[PDB]
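The same protein chain appears twice below, in two forms, each given on its own as structure tokens and labelled structure 1 and structure 2.
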Structure 1
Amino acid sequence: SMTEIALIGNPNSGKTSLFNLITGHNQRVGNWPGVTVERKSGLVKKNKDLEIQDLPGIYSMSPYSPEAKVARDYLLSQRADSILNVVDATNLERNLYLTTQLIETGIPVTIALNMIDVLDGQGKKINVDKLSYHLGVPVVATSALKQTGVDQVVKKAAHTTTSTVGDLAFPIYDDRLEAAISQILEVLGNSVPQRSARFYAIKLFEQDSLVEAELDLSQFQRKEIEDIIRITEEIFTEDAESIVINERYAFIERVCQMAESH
């Protein structure tokens, strides 16, 4: 209908429980084209102008699994206006790995910090506002068990969209990697969508074959990117894939130190 919201998080983060509260009996079950992966969507019960596109639970957008491919293709397309990232608050650091990839898509992320009621019993506290600040995304505490925060997070995701968010606030990595990403961006120009340019730049840096075949870049474009990779790999003395994963982990680690307590 009007605003299209992508619902995604790790498996066992409470996505289904949240999807059900939000949509009630306005659901639609189907098929992602060509594959047997279930496509589920629904209208927001309290606001039929908002549709929710549920996406398969994944730990990462990287793998060449059907589930991750579905998520990648949907989120690199133009259908979604907002990403509503369901996060398991009792397992924050591992959940944020996908989150970082989600922000890089350029579709504005809103986090539903789910399982907020489980924290206390585990002797765990989170500073929602501090977590929100360091990720550059809105964060709203939710619980599908106690049915709290649900309307609040939906409303926030609905007002944090591609049409209302001006500048992309991606996670900032080591200068040396940013220099490489920045240089790949220079080379790319119009060859990639402006919103998801950085996502494409990181993928080409990681030497993603699917993206490489998709983009069909020129001789000169492909050559410069090769030289950027080799020189940066040399600078770090690691392969590209490992540089990126280690930058994500360092960033996420910082963030969890700032926001988590015992």
Structure 2
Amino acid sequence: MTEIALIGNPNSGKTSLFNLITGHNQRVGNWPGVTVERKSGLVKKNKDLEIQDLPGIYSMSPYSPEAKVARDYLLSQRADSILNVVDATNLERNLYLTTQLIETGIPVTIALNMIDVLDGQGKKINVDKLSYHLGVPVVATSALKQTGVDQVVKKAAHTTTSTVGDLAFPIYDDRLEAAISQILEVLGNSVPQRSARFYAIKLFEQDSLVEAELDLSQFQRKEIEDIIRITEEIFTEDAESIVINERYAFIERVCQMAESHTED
């Protein structure tokens, strides 16, 4: 059946949503790191959908074994849809992960959760603008007030690897895009086609996990090493910082659009 993965920072309301969606009473708690293993369940309002609760994760270069369970689930290619649960009150921080999720090529739908806390803070987010600039569907949800939950599941079900055509990725500085294209050429079929961009950017960043997982030839490694060196000279910066700063810069732009109330 259709597999929907709940992915997002710890303490963002993933399990709270899962409980509402499935009828389960899985562990929910007011600190990061409550869920520690995968839990499956059927969506109650549509039994053709299976949803997976997973440990929280801050980055796809993860900081804990628990987060690595979420990462490895996604890179195993089992999910048809990512339901990215985003804490609306800490948007910028949460979108760091989001950018990497979009790059996997598994279609992303955002549950913009804890919208009730944002409402209580006297703040708002332009959901249509956020969606437009991020290139993914966005539904405002509250697991507390039980709003938007059935809507975001329906959207996630409709936003699948089988229904979505050409996927729209976050576009960075064209000097980085050039290096990404070069790395993709070198990789060829050495990575799954759907997630190739994710892996190419991780190779540029010289991510240890990804370098260990991919069985790249000496030839490929030498050409990638050369592409990174050339690009660092162009940027006048190290590779790791180039990518971090480009993600940050992208998120900054999108968030100033999400804060924008003025009609356009």
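Take the two forms, superpose them, and find the largest set of C-alpha atoms that agree within 1.5 Å; that set is the rigid core. All residue numbers here refer to structure 1's sequence, counted from 1.
- prompt: Just one of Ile228, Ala197, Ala68, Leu43 has a CA that shifts 2 Å or more between structure 1 and structure 2 on a core fit; which is it?
  reply: Looking at each option in turn, only one qualifies, and it is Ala68.
Core superposition result - C-alpha of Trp32, shift between structure 1 and structure 2, Å: Comparing the two forms, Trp32 shifts 21.8 Å at C-alpha.
query: To one decimal place, what C-alpha displacement in Å is found for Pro108 between structure 1 and structure 2 with the rigid core superposed?
result: Here the C-alpha difference is 0.2 Å.
- prompt: Hey, core superposed, how many Å does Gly123 shift at the CA between structure 1 and structure 2?
  reply: With the rigid core fitted, the alpha carbon of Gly123 is displaced 2.2 Å between structure 1 and structure 2.
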